[PDB]
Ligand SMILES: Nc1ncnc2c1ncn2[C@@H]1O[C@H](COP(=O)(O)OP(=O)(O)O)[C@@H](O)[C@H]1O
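Take a look at this single chain in structure tokens; it is the form solved without this ligand.
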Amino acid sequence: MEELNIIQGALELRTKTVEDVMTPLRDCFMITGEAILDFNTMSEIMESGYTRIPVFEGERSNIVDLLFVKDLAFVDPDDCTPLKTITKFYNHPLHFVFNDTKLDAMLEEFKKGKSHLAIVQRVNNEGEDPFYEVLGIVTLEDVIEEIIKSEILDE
């Protein structure tokens, strides 16, 4: 039954939050703001498979910039351009989302123009001055991937 697969795909899609879809921060490929885009660094980036990479300074949860790998397609490793030169040039804005955010809201935000890598946060009320704890990242491609896997659109 085509219609039951559609229904069941949609029902599952609708129950998902960004927290279910995100890459946890511990698992994310990330890069220090002081990085130099020499061969070893760019090889590691290219070999990671990620196309959107958070840039942190000091602590991994301290994300200060984004790096979009497709923007690196024309950077030459042999010139060792500082990442800071790249990131300060583009200055792409940070996009934060609540861990309970549903995928429809996520779509709506990417459609409004917010950055295609979003940083997932929850409120942490357990240390000592409550803070927003960075849990992981979610990208445009992660959400599109859930839609394709849902098979809702499959002819």
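Definition used throughout: the rigid core is the maximal C-alpha set that superposes within 1.5 Å between two forms. Numbers follow the displayed sequence, beginning with 1.
One more form of this protein should be noted, the form deposited with this ligand bound, which is absent from this view; the next part is about it.
Site annotation in the deposited complex: the residue of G127, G49, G58, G113 reaching within 4.5 Å of this ligand with a heavy atom is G49. Residue-level contacts in the deposited complex: of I53, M42, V120, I63, one residue has a heavy atom within 4.5 Å of this ligand, and it is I53. Contact with this ligand in the deposited complex, defined as a heavy atom within 4.5 Å, is made by all three of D27, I137 and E141. In the deposited complex, this ligand sits within 4.5 Å of a heavy atom of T23.
Once the rigid core is overlaid between the shown form and the other one, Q121 does not reach a Cα shift of 2 Å, moving by less than that. Taking the rigid core as fixed, one finds a CA shift for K70 of 2 Å or more between the shown form and the other one. Comparing the forms between the shown form and the other one on their rigid core, the Cα displacement of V143 reaches 2 Å or more. Relative to the shown form, the CA atoms of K114 and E59 are pushed 3 Å or more farther apart in the deposited complex.
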